[PDB]
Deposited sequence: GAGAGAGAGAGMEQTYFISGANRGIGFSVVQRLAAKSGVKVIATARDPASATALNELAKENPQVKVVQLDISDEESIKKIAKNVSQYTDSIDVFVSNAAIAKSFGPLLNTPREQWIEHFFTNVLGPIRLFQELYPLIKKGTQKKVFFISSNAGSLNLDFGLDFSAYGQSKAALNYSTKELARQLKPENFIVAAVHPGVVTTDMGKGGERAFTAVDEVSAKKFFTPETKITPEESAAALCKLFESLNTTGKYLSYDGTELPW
């Protein structure tokens, strides 16, 4: 049996990934929401597929993050595949027009959030078999891609986490960890939440090497 963990599983790609793992026999899924009582679709998913456990997590909330380890410890002694999915994307366009609170929010939510989450759940990942670690990044977070758009605090935060993902990959190679930054696609060319999920589950299962920055099709991105 493998244990998957997905932050931000109440909707978007997160929900779709959990929805697909529920169909994989012998998969336990720690799925998170910041408000699990209001996660209608997810709570349904989990009553009909109770291998799905719904845990509370606000990745912007250090007090929430300080509890994620015991919350997950209620359901599992290990994580095989960790997916930092939960993130925000609220601020684009010019620097001169990006106010303080926007820079702050994307940092706390999109960088510190995942770094703390990972720090907390490292012990449970370390006791698992697969030792696979996925940060859902964005192609917008590359220092070497030009989309003809400014991504403001969004892009900066994905670039910051990518930097730290690269380092983590280096640092955990001796422990046989597989660490990746993954662009899941752009979802509603735009691709469906279900299409992104399908590709992410394949990539999650297929990835055998660490320190990669991958798009959902499994092709590499420049850092």
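J.: Going from the first residue of the deposited sequence to the last, where are the unmodelled runs?
T.: Coordinates drop out over 1 to 12, 201 to 226.
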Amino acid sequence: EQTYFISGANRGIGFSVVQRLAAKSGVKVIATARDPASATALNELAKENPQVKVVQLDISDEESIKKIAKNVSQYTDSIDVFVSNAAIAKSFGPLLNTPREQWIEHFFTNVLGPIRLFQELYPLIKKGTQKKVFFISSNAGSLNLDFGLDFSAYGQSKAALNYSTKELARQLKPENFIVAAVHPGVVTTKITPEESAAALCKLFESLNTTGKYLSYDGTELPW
From here on, numbers count along this sequence of modelled residues.
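J.: For the stretches 111 to 119 and 68 to 76, which has the higher mean C-alpha B-factor as given in the deposited record?
T.: That would be 68 to 76.
J.: So, looking at the entry's B-factor column for Cα atoms, which has the higher mean, 155 to 163 or 55 to 63?
T.: In the deposited entry, the stretch with the higher C-alpha B-factor mean is 55 to 63.
J.: Taking the Cα B-factors listed in the entry, which of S16, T210, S206, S215 comes out highest?
T.: It is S206.
J.: Pick out which of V179, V182, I191, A33 has the highest C-alpha B-factor in the PDB entry.
T.: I191 has the highest C-alpha B-factor of those listed.
J.: For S7, return the chain-relative third of its C-alpha B-factor as stated in the PDB record: lowest, middle or highest.
T.: Middle third, going by the recorded CA B-factors of the chain.
J.: Among the chain's modelled residues, which third holds the C-alpha B-factor of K127?
T.: Answer is highest: the recorded C-alpha B-factor places it there.
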